[PDB]
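**Student:**
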Amino acid sequence: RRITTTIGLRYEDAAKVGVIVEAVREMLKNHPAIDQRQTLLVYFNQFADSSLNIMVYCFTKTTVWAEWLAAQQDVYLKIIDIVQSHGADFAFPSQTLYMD
Amino acid sequence: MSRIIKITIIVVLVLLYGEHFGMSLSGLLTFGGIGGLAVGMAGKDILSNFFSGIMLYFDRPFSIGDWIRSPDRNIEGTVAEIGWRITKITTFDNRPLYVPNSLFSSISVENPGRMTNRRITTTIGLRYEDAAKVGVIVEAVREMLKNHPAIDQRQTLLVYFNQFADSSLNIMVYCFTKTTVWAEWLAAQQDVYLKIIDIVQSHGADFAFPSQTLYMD
């Protein structure tokens, strides 16, 4: 079963992307539920409208629905902790407003 | 199934030997013609799949292990098996997909597994107030792309300001890498993007968010 997601950081977090990517990759290489013989990619690869996007792309050992969902939830929570511990944050849709 | 074969063989034998104890040639011709017309129109797709399987056996654009694609249908994945009726392809979420062979006789097939380079394309959107810097920024970016060891200098390399967007001035970036490996290409792209961010921010410009002008009552 495949786990794919996108981490959208703020444009003001551009100085942390590198280390954050490394951290996430390291976590995915130590998680017991992740199949280490399959594709495992964590890279900054997109300039979005409001965020810098980091792709996460991995596989789980199990094929059961509930176990895969639980592993995905655990990975997502760990990703949130990693992002917030480095001083970055997730980006909302953003706009620049010019007033009369 | 045995009964079906029984009835089919009885019909075929009656049609073939229907003269020694048989009857009207017009009637037998009409009966057999109706039956054969129905059978031929009904069995067209299976026979088409097998004919395309023979064609693939003799002239095949791909091989086992090739990543293939199509702009007409969804057949993306890596070829795992080529059969006489269907082709088995492993998708990128590790699922088997069974493509009927006749599709390969009517759609365009792309073979990314035989690519020579990986392409890096992106757009740098600067603020409209940065219009006085675009020029130098473009030059800077181009210079970096001509000194990066991961970039193929014998391929297309374009960096130009080419679009008035709604909220930004757009600069196209279009180049190729030497490697065709997935992870190495992604790492090179990440390095190039970080260098682009540094170049843009060191010249006093910035990336543009979607912008609006608001008039209040």
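In order, the protein sequence lines correspond to chains B and A. Every number in the authors' numbering is 234 more than the matching position in the first sequence, counting from 1. Every number in the authors' numbering is 117 more than the matching position in the second sequence, counting from 1. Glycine included, every Cβ here is placed at the ideal spot set by N, Cα and C.
#1: Give every residue of the same chain whose Cβ lies closer than 8 angstroms to the Cβ of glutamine 272(B), excluding the five residues on either side of it in the sequence, and list them in chain order.
#2: Taking 8 angstroms as the CB-CB cut-off, is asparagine 287(B) touching chain A?
#3: Since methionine 333(B) is in the beta strand (DSSP E), which residue starts that stretch and which ends it?
#4: The alpha helix (DSSP H) spanning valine 131(A) covers which residue range?
#5: May I have the straight-line CA-CA distance separating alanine 267(B) from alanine 257(B), to the nearest angstrom?
#6: Taking Cβ-Cβ distances shorter than 7 angstroms, what residues in chain B pair up with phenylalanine 326(A)?
#7: Please list, in chain order, all residues of the same chain as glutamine 306(A) whose beta carbon is under 6 angstroms from its beta carbon, the five residues on each side excluded.
#8: For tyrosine 245(B), would you say it is in contact with chain A, using Cβ-to-Cβ distances shorter than 8 angstroms as the test?
#9: Return the residue from the list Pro188(A), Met261(A), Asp334(A) that minimises the CA-CA distance to residue 88(A).
#10: Measuring CB to CB, does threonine 330(B) end up less than 8 angstroms from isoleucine 288(B)?
#11: I'd like to know if the stretch 180-193 of chain A and the stretch 212-231 of chain A are in contact, where contact means that at least 3 CB-CB pairs between them fall below 8 angstroms.
#12: Threshold first: 4 residues or longer. Then list the alpha helix (DSSP H) segments lying entirely within the stretch 245-308 of chain A, N to C.
#13: Quick one: Cα of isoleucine 203(A) to Cα of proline 213(A), how far?
#14: Taking 8 angstroms as the limit between beta carbons, can you name the residues of its chain near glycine 194(A), skipping five residues before and five after?
#15: Between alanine 325(B) and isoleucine 254(B), is the Cβ-Cβ spacing less than 8 angstroms?
**Tutor:** Based on what the coordinates show:
#1: Hits under 8 angstroms: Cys292, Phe293.
#2: no
#3: 330-333
#4: Start and end: 119-134.
#5: 17 angstroms
#6: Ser284, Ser328, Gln329, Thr330
#7: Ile237
#8: Yes, because at least one Cβ of chain A sits closer than 8 angstroms to the Cβ of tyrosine 245(B).
#9: Because chain A is modelled from 118 through 334, residue 88(A) falls outside the range shown and cannot be assessed.
#10: Taking 8 angstroms as the Cβ cut-off, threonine 330(B) and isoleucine 288(B) do not qualify as a contacting pair.
#11: yes
#12: 251-262
#13: The alpha-carbon atoms of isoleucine 203(A) and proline 213(A) are separated by roughly 12 angstroms.
#14: For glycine 194(A), the CB contacts under 8 angstroms within the same chain, skipping 5 residues up- and downstream, are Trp184, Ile185, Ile206, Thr207, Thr208, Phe209, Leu214 in chain order.
#15: no
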